[PDB]
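Enquirer: Questions regarding the structure given below will be posed in turn.
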Amino acid sequence: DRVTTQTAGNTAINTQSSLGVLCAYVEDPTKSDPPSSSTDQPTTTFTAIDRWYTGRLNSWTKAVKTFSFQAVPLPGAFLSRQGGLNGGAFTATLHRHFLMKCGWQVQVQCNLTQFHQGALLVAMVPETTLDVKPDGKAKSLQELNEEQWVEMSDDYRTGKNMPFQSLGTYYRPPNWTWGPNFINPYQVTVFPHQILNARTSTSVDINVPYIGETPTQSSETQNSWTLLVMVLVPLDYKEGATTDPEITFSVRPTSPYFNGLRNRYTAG
Amino acid sequence: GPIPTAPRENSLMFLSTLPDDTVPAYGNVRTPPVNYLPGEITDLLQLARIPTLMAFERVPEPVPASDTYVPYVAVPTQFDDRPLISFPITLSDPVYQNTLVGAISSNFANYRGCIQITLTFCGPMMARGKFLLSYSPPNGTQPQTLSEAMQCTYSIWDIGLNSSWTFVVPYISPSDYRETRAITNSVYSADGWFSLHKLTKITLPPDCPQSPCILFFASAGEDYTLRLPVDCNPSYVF
Amino acid sequence: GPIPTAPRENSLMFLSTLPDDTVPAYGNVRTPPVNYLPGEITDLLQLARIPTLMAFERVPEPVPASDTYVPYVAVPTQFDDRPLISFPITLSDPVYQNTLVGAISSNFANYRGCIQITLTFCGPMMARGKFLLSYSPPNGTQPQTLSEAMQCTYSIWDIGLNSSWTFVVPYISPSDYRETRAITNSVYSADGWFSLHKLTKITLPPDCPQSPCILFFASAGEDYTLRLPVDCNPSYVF
Amino acid sequence: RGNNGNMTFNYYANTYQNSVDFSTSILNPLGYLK
Amino acid sequence: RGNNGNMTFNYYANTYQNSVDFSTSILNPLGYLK
Amino acid sequence: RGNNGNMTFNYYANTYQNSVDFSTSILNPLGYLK
Amino acid sequence: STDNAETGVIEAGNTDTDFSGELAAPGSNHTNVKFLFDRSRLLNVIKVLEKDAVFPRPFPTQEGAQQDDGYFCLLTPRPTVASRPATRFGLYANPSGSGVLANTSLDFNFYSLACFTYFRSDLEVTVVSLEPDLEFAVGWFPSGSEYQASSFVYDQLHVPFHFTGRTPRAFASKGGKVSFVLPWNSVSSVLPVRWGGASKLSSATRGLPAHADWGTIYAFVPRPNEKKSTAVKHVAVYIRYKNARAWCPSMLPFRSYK
Amino acid sequence: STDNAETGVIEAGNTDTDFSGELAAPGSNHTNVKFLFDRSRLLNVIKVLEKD
Amino acid sequence: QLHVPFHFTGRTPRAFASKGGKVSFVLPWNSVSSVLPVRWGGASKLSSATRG
């Protein structure tokens, strides 16, 4: 058992010691319909893009602390090209369609030995902004390698690290305390998730269909499923064990929905 | 004894939209008949799908006559690679000042659906040209030259024995209803610009005049539905 | 003539919980559809039986980093005969600060039923130990050593190929409903402490690290029902 | 139609509610091109 | 359901009471492991 | 019984009027001498 | 028992999972989300208009501006600053100085239950004056629209336009209270309590869903403009949610330690 | 398309008049003229009589 | 600038009277125990409590 050879398009990934699947909210998530708000003929799926793209994430050592997480947005990951991960043909498509709509398979990657311990937590939270400190500039591919992890401060816990706006100098400068977007780390296992540790598994999967505030959000602005990995108990290993294991990931779109041709996107 | 009652918090108020009627102070009257005169209105949308002439800013030759604003297009002879007319879709822009769907949209809040614009040629029959018209959803900048308006959504058009070409801007949208005016010019209220380009030169024999003209119309399509009124703009009376 | 009526003492008041509805001031509108997005909530109890990581006070080594509070257990190597973790059952204690049933209980007044806690091991596969977990209803003092936690209600637990052990605190009670927080820490609101002891030593080969770790969860069982809400604690916003 | 909630009853008879006419004895478009 | 005592009648028709939708033409768990 | 005049109807349903119980699944004297 | 929680999905366990004993009866159902929320709740207070109103500006505003602040109430549970949709929530603790204090608001106790990501309802507007012996008038316009502000003279008396219009008004009694239920009117599909996104395509503050809201209530007295008193006055506004739904659950606000 | 508007009467054209795509559902009916006007509206103010 | 307390709002019901009116409503059971005692033995907690 426990050997899951998943084949799509022309690629095929298997993880020999895996666990299973985990759908969300509907037992078969790939089913959908073309959106009702549009009127144009939607460009549906095609077999050249039904794919596992993979991409390297930062490694992890002794020096990490509890609740420290990486988080990658989606499909905004495909735009800025983190970790040697690009959509390739897929970005060349969704630059040219003002409406985009799709659900996601993910299986994440590690492999610790049998003389280790330490629990990760792979989960994809819905509808968050865990990539910006309030200056207004979204962080990009250069400033990922200076930290390797987000040390989980209190300002994400109290919702103080969401981008506010220019108050206008007619008023008083305020005293902010709360925002509705936050992360409560004692609570984060209410989302589709599974404990990945050196106990039983090596690589493990999530699966999720669509959620949205509208039938179809915009092309290059929305980010529904950020996926975040966070450590609950740190690693311990004696001198001679394999130092600093490596993390990558594998993202699959399922049943894409495009709408609306124009020129290739050039940012204003 | 009387039936026991309990008045709730809503006492003696009157709501403007309150769906009920009031006791008449004088009743049992008759009226003149109606049926002889034709032309009823059940919905104003039977009204709304009539052609209406748009209104544009005049090219840089301001004639000092009153209100130098022009319901046509003066095509130039000269070769340049910028469009003839480019205007957005926000139904309060100064190009949508007196179109019907603009006019009866100007007092409503939200609509849904398509927007037809058509264009009627007017020139000498011995003249002939090729004109394409193109539409793009909101990009970062505005699509300017012919490759950009080429890739998106267009139709080329001949000059022949007829004189028009019915065009319908498709209805792509995040949310099904859309606003009518933009208090903040967001993605929910604009839908990208519209333009038309000259593809090949206007071609015409000698001793017949230069620079032909084209009129623009604007009408509601089939799916164009309105909802939920708002108080009006009295600025016409001042 | 009108029907005779008699207004009772309740005139023009509005009750907050008053089970009735009011006349709309604007009606007959439509809405965008719903059905496309999945994941409804009928009851929050479908919400309430999800695992949730507890939160404990750190052992006496205060790391000066922010909020030195720990969602696991650091088992020591040394032989002593006091339990590893002991915590009461009052659903406002600082061990129940961010568990789900604690969280959505913190704004309700009364519940009824069981409370599952389970615990997930995390250590090297070549390590193995025997751990018992025990529960006692309110005695005079607190049961401390292994005879006291032995007599009451317990389960021993292996380390093998799996990694957890689902445990359910039984529901013994004077009265069927119970409170959620104790204004006076009485018999109706507490139900005795919970603890777990190490029964035999953790056993592990050379060149693999000491002191393994165990995570704790806390979830509602089957019979866990809530009732009768109360106004909330706004102290999160300050 | 209009806007009412009067799906049960009205109080007065309709000849006291609004005037009715004399005795002289899926929608439609607005004028064809024949 | 909610909380009502309106087991006899409501005054307005329900299309005036609350909005209804368009035409696109014993409880359940929250996501299995297949 | 008690004291009521409500021989026609009550307004709310009785589950909103007063609490009812759970499911555990000519008068009489007060204790005989056997 | 002896199942492991690392598969992400574990069920519940009654007493006979491993012990001797039988499962207990279900107590109540004060749990269903379309009953739990249906509670009359005030969000804030309102300074009453008495003249030709003017409404606040876009995001930056230099001094010398003339707007009348704290007269509108963009009624949402979402955090709001100066009666326009903000993204964070202020509490002006050290208010000494110059420069006007903005009108903040938030629905406090809604989040402490809220384990959701998307929400759906209708609401009702309940108003109550705090000052005695007062008679007033409430107005409203829908979301994705904007207030009309001018005045037209009648018999030398300047009277503003918000006495009349299309959108409904309501005139109270002698110290009465006005209430009515109000349905959906939003351009988007469901109300978000979390959002990614931005208002326009580029160069926008990332996070505020500007057109997924309800609307606003303003109060004003039925008097002409030139007969206005010098004492200002106040009025509160209340909301009770109705027929609610919910989707795709999430976390809770973090409790103190502290 | 390719009809001419100079006949005075032109109909409307959906998306499949010349493009690929299908027509959209009707949204609402806040359009009928015996519902649109039914709104309480003041026209003016009045000085009050007190004599002959 | 006006300090307003929290007991204007909340979950549990409020009631605002009229001009010198009177407020009344019926209220059901809510007690953790079974029936109301007019006599009692017992104590609040297990030990060191006032008996009665």
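Letters A, B, ... go to the chains of the structure tokens in the order shown; residues in each chain start at 1; ligands are counted from 1 in the same order.
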Do a neighbour search on residue 27 in chain E at 9 Å with only C-alpha atoms, toss out local chain neighbours closer than 2 positions, and write the hits as a PyMOL selection string.
Expert: (chain C and resi 42-43+46) or (chain E and resi 29)
Enquirer: Let's have the selection written as a short mmCIF file (atom, residue, chain, number, x, y, z; two decimals), in the first residue's frame, with N, CA, C and O atoms.
Expert:
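After the write, part_13.cif holds the following:
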data_model
loop_
_atom_site.label_atom_id
_atom_site.label_comp_id
_atom_site.auth_asym_id
_atom_site.auth_seq_id
_atom_site.Cartn_x
_atom_site.Cartn_y
_atom_site.Cartn_z
N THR C 42 -24.39 24.62 8.73
CA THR C 42 -25.70 24.57 9.37
C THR C 42 -25.61 24.76 10.87
O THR C 42 -26.34 25.58 11.43
N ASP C 43 -24.69 24.06 11.52
CA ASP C 43 -24.48 24.19 12.96
C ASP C 43 -23.00 24.44 13.16
O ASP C 43 -22.18 23.92 12.39
N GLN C 46 -20.57 21.22 13.80
CA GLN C 46 -19.77 20.67 12.72
C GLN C 46 -18.41 21.35 12.66
O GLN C 46 -17.40 20.72 12.35
N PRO E 29 -20.85 15.70 7.29
CA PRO E 29 -19.49 16.07 7.72
C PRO E 29 -18.84 17.10 6.80
O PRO E 29 -19.49 17.64 5.90
#
Enquirer: Give one line per residue of chain E that approaches chain G to at most 7 Å, naming the two atoms of the closest pair and their distance in Å to one decimal, counting only C-alpha atoms; sort by chain then ascending residue number and deliver it as a tab-separated table.
Expert:
residue	atom	partner	partner_atom	distance
E:2	CA	G:35	CA	4.2
E:3	CA	G:35	CA	6.3
E:18	CA	G:183	CA	6.1
E:19	CA	G:183	CA	6.5
Enquirer: So that I have them on file, write out the residues from the current selection with N, CA and C atoms, as a CSV table (one decimal), in the first residue's frame.
Expert:
chain,number,residue,atom,x,y,z
E,2,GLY,N,-34.9,29.9,12.6
E,2,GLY,CA,-34.5,31.1,13.4
E,2,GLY,C,-35.2,31.2,14.7
E,3,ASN,N,-35.9,32.3,14.9
E,3,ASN,CA,-36.8,32.5,16.1
E,3,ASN,C,-37.9,33.3,15.7
E,18,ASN,N,-37.9,39.2,1.8
E,18,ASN,CA,-36.5,39.0,1.6
E,18,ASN,C,-36.2,38.6,0.2
E,19,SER,N,-35.0,38.9,-0.3
E,19,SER,CA,-34.6,38.7,-1.7
E,19,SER,C,-34.5,37.2,-2.0
Enquirer: Might you pull out every residue within 7 Å of residue 5 in chain E, with only C-alpha atoms counted and same-chain residues fewer than 4 positions away left off, and present them as an mmCIF file with N, CA and C atoms, in the first residue's frame?
Expert:
data_model
loop_
_atom_site.group_PDB
_atom_site.id
_atom_site.type_symbol
_atom_site.label_atom_id
_atom_site.label_comp_id
_atom_site.auth_asym_id
_atom_site.auth_seq_id
_atom_site.Cartn_x
_atom_site.Cartn_y
_atom_site.Cartn_z
ATOM 1 N N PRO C 19 -38.946 37.668 18.874
ATOM 2 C CA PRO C 19 -39.059 36.812 17.683
ATOM 3 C C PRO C 19 -40.179 37.224 16.730
ATOM 4 N N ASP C 20 -39.894 38.247 15.929
ATOM 5 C CA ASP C 20 -40.814 38.770 14.926
ATOM 6 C C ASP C 20 -39.973 39.569 13.944
ATOM 7 N N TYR F 11 -50.369 33.336 19.973
ATOM 8 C CA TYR F 11 -49.672 33.921 18.839
ATOM 9 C C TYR F 11 -48.451 33.098 18.461
ATOM 10 N N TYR F 12 -47.564 32.847 19.413
ATOM 11 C CA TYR F 12 -46.360 32.095 19.110
ATOM 12 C C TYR F 12 -46.630 30.601 19.216
ATOM 13 N N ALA F 13 -45.771 29.813 18.581
ATOM 14 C CA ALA F 13 -45.785 28.378 18.806
ATOM 15 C C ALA F 13 -45.305 28.095 20.220
ATOM 16 N N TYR F 16 -41.804 28.378 21.609
ATOM 17 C CA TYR F 16 -41.334 29.709 21.946
ATOM 18 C C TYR F 16 -42.025 30.268 23.171
#
Enquirer: Write out as an NGL selection string the residues lying within 6 Å of residue 52 in chain I, counting only C-alpha atoms and excluding same-chain residues fewer than 2 positions away.
Expert: :I and (40-43)
Enquirer: Atoms to include: N, CA and C atoms. Write the selected residues as a PDB file, in the first residue's frame.
Expert:
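out.pdb written:
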ATOM      1  N   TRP I  40     -32.578  23.633  51.605  1.00  0.00           N
ATOM      2  CA  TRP I  40     -31.436  22.878  51.099  1.00  0.00           C
ATOM      3  C   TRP I  40     -30.517  22.407  52.208  1.00  0.00           C
ATOM      4  N   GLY I  41     -29.920  21.235  52.023  1.00  0.00           N
ATOM      5  CA  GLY I  41     -28.755  20.853  52.798  1.00  0.00           C
ATOM      6  C   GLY I  41     -27.522  21.420  52.129  1.00  0.00           C
ATOM      7  N   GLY I  42     -26.509  20.590  51.884  1.00  0.00           N
ATOM      8  CA  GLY I  42     -25.470  20.888  50.913  1.00  0.00           C
ATOM      9  C   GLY I  42     -24.552  22.077  51.136  1.00  0.00           C
ATOM     10  N   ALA I  43     -23.601  22.262  50.224  1.00  0.00           N
ATOM     11  CA  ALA I  43     -22.727  23.428  50.231  1.00  0.00           C
ATOM     12  C   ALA I  43     -22.334  23.723  48.795  1.00  0.00           C
TER      13      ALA I  43
END
Enquirer: Taking only C-alpha atoms into account, name the residue in H:3, H:24, H:41, H:52 that is nearest to chain G.
Expert: H:41
Enquirer: Could you give me, as a ChimeraX atom specification, the residues within 10 Å of residue 184 in chain A, counting only C-alpha atoms and dropping anything in the same chain fewer than 2 positions from it?
Expert: /A:67,154,156-159,182,186-189 /C:98 /G:251-255
Enquirer: Which residues, written as a short mmCIF file (atom, residue, chain, number, x, y, z; two decimals) with C-alpha atoms, in the first residue's frame, have at least one atom at most 8 Å from residue 82 in chain G, with only C-alpha atoms counted and residues fewer than 6 positions away on the same chain left out?
Expert:
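Final output, saved to part_10.cif:
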data_model
loop_
_atom_site.label_atom_id
_atom_site.label_comp_id
_atom_site.auth_asym_id
_atom_site.auth_seq_id
_atom_site.Cartn_x
_atom_site.Cartn_y
_atom_site.Cartn_z
CA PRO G 56 -15.34 63.47 3.60
CA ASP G 69 -17.20 64.42 9.88
CA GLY G 70 -18.92 61.91 12.12
CA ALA G 102 -11.65 60.38 13.26
CA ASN G 103 -14.89 58.45 13.72
CA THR G 104 -13.89 54.85 14.31
#
Enquirer: Can you check which residues of chain F DSSP gives as alpha helix (DSSP H) on the backbone and send them as a compact mmCIF listing (two decimals) with N, CA and C atoms, in the first residue's frame?
Expert:
# COMPACT_ATOMS: atom_id res chain seq x y z
N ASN F 14 -45.74 26.96 20.77
CA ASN F 14 -45.57 26.72 22.20
C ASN F 14 -44.11 26.46 22.57
N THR F 15 -43.28 26.12 21.59
CA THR F 15 -41.86 25.95 21.88
C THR F 15 -41.17 27.30 22.05
N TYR F 16 -41.80 28.38 21.61
CA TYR F 16 -41.33 29.71 21.95
C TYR F 16 -42.03 30.27 23.17
N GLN F 17 -43.08 29.62 23.65
CA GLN F 17 -43.85 30.17 24.75
C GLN F 17 -43.29 29.75 26.10
Enquirer: Could you give me, as a PyMOL selection string, the residues within 8 Å of residue 196 in chain C, counting only C-alpha atoms and dropping anything in the same chain fewer than 6 positions from it?
Expert: chain C and resi 83-86+131-134
Enquirer: Restricting it to C-alpha atoms, dump the selection as a PDB file, in the first residue's frame.
Expert:
ATOM      1  CA  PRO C  83       2.934  13.883  36.820  1.00  0.00           C
ATOM      2  CA  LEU C  84       3.989  15.431  33.529  1.00  0.00           C
ATOM      3  CA  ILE C  85       0.956  17.640  32.868  1.00  0.00           C
ATOM      4  CA  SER C  86      -1.928  18.254  35.296  1.00  0.00           C
ATOM      5  CA  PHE C 131       2.581   6.480  29.119  1.00  0.00           C
ATOM      6  CA  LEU C 132      -0.665   6.343  31.070  1.00  0.00           C
ATOM      7  CA  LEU C 133      -3.250   9.105  31.245  1.00  0.00           C
ATOM      8  CA  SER C 134      -5.649   9.453  34.136  1.00  0.00           C
TER       9      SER C 134
END
